[PDB]
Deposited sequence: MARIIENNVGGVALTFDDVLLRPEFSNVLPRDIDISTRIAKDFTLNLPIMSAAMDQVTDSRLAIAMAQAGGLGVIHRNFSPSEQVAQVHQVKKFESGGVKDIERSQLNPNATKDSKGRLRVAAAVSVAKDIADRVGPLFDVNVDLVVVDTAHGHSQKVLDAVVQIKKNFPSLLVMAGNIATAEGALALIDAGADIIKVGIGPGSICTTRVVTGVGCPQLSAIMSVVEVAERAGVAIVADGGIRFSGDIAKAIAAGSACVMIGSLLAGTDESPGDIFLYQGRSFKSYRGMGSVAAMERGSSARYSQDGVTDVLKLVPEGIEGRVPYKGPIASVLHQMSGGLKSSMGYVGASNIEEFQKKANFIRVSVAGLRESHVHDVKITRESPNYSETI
């Protein structure tokens, strides 16, 4: 059987730290570190110009969706770079990413010094998706690209071979097509090669609570991508309230789970985390 998040629990280990000295910083790329290991999804109802700023200012990052345009989209990302310990570049302008489709229109995004461009679709192990990655690194080599989605160690190596710096893993698609893979097994399948290729992992899908974020990060993911749980908010274009209240609930939940396993940072979190397999009577 392939495991999902509800199939396992984190085993409590000896601890000598408190959720006060606990670091949740994650290093996704070479010169790219998030204080909050959370990315916003590329949906029209989620990450806009306002939510992208709220994500960067809270310690994370948001990516701008493709259903604006090429150029009506660059108006959204350039606003983010107009503006505590937020995540911003050497220039001091807040980090931000943008979702792209599969000739490419990344020039107008790179000219605004985009921090990341996201080539994401339903099937990351495609050939037109594979050649879209080499197309972007051939034109803009210094630019960093995240590719997805893939649920296999084979698809991860294909995207890594194409030059992807980060990969994305990950329902109506299960019902309409019958295609899918439980997220926990998919995450663990693609990180044993990604940890040897030096490539970070963004888990996209299956995140319902903050406990699922703890399991995804403990499985080997450097960051999680969240969309539906950031939809009914003020900063987004059901009702959630302020964005900083939602993310603080996730940050606090992730910090408390690390205190259960006795980890002060994410590196040792993934080194001592142990999954207990629970029965169907998991309530």
**Message:** Taking the deposited sequence as numbered from 1, list the residue ranges that were left without C-alpha coordinates.
**Reply:** 1-11, 95-108, 128-131, 200-205, 273-323, 370-390
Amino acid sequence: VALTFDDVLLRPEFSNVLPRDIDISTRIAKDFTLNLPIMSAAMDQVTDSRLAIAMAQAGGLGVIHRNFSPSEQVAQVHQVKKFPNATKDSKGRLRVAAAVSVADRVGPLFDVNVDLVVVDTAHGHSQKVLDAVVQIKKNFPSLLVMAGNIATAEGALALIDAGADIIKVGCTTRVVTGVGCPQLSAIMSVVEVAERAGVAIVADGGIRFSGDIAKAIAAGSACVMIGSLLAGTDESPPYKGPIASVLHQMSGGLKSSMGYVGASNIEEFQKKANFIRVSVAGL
From here on, numbers count along this sequence of modelled residues.
**Asked** Given the B-factors recorded for C-alpha atoms, which segment has the greater mean, 104-112 or 156-164?
**Response** 104-112
**Prompt:** Of 114-122 and 175-183, which one has the bigger average CA B-factor?
**Reply:** 114-122
**Fill in**
Among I213, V191, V74, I150, highest Cα B-factor in the entry goes to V74
**Message:** Sorting by Cα B-factor within the chain, modelled residues only, which third would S221 end up in: lowest, middle or highest?
**Reply:** lowest
**Complete:** Of the three thirds of the chain ranked by Cα temperature factor, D204 occupies the lowest
**Item:** Entry-reported Cα temperature factor of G62, expressed as the chain third it lands in
**Value:** middle
**Prompt:** Taking the entry's C-alpha B-factors for this chain, is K255 in the lowest, middle or highest third?
**Reply:** lowest
**Fill in**
Among the modelled residues of its chain, the C-alpha B-factor of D23 falls in the third labelled middle
